[PDB]
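Since the structure comes first, as structure tokens, the remarks are kept for the end.
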Amino acid sequence: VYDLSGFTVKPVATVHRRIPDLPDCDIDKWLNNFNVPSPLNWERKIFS
Amino acid sequence: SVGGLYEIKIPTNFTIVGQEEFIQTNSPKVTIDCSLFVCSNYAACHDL
Ligand SMILES: *[C@@H]1O[C@H](CO)[C@@H](O)[C@H](O)[C@H]1NC(C)=O
């Protein structure tokens, strides 16, 4: 009597959930701003 | 011994006592699929 390698039931489909209608982060508009700071005064922006 | 005789307590009445004793002769036959235990179904783990 041989106990074979354990099988797992494979996924039939995939579920993907995300919050809809969220705005674009516009990260490029902030990184491309021409008023570039020096390392001494590095600027910060938080994207949420 | 007094006069070659010794004092001894000899039973004048008796009962039967029952004492149970469990002796383990077997145990749960544990089996492990080492591959399914170590790696679940992740192919990246099974390769290693
Ligand atoms: C033995 O003990 C039982 C219970 O006390 C009693 O009924 C019986 O008469 C006794 N027998 C003798 C010979 O003492």
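Here, each number is a calculation from the coordinates, and none is a lab measurement. FYI the Cβ positions are ideal-geometry reconstructions off the backbone, even for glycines, and counts take in every protein chain you see.
Mind giving me the nanometre distance, one decimal, between the label points for B:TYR42 and B:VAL17, set 7 Å out from Cα along Cα→Cβ?
My value for the distance between the label points is 6.1 nm.
Determine the calculated [θ] at 222 nm for chain B from helices alone, applying -39500 (n - 2.57) to every DSSP H run no shorter than 4 residues and normalising by the residue count; nearest 500 deg cm²/dmol.
After summing the helix terms and dividing by the residues of chain B, the value is -5000 deg cm²/dmol.
Express in nm, to one decimal, how much length is gained between A:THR14 and A:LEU31 on full extension, taking 0.36 nm for each residue of separation and deducting their alpha carbon distance.
2.6 nm
Of the peptides A:23-36, B:35-48, how do they stack up when ordered by the mean number of other Cβ atoms within 10 Å, highest first?
B:35-48, A:23-36
Calculate the mean, over all residues of peptide A:41-47, of how many other protein chain Cβ atoms lie within 10 angstrom of the residue's Cβ.
So the per-residue partner count for this stretch is 0.
Hey, what do the phi angles of the range A:34-48 turn into as Karplus ³J(HN,Hα) couplings, whole Hz, using 6.51/-1.76/1.60 and θ = phi - 60°, x for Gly and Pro?
For the range A:34-48, the Karplus curve yields 5, 7, 5, x, 7, x, 5, 9, 3, 8, 10, 9, 9, 10, 9 Hz.
Tell me which residues come under 5 Å, amide H to amide H, from A:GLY6 once H is placed; ignore anything under 5 positions away on its chain.
For A:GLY6, the qualifying residues are B:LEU36.
Equivalent ellipsoid semi-axes for chain A, as square roots of 5 times the alpha carbon gyration tensor eigenvalues: give them largest first, rounded to whole Å.
Values for chain A, descending: 51, 19, 8 Å.
Would you list which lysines come within 29 Å of A:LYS10, measuring only between C-alpha atoms, while excluding same-chain residues fewer than 8 positions from it?
Those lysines meeting the cut-off are B:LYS29.
Output wanted: per-residue J couplings in Hz (rounded whole) for the range B:40-48, from phi through Karplus 6.51 cos²θ - 1.76 cosθ + 1.60, θ = phi - 60°, x for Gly and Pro.
Using θ = phi - 60°, the values come out as 6, 10, 6, 4, 4, 7, 4, 4, 5 Hz.
When a/c reaches 1.5 or more, the comparison of a/b and b/c decides; with that in mind, is chain B rounded, prolate or oblate per its Cα gyration tensor?
prolate
What dipole magnitude, in Debye to the nearest 20, does the protein assembly as shown give about its Cα centre under +1 on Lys/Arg Cβ and -1 on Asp/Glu Cβ?
220 debye
What average number of partner chain Cβ atoms lie no more than 10 Å from the Cβ of the residues making up B:37-43?
1
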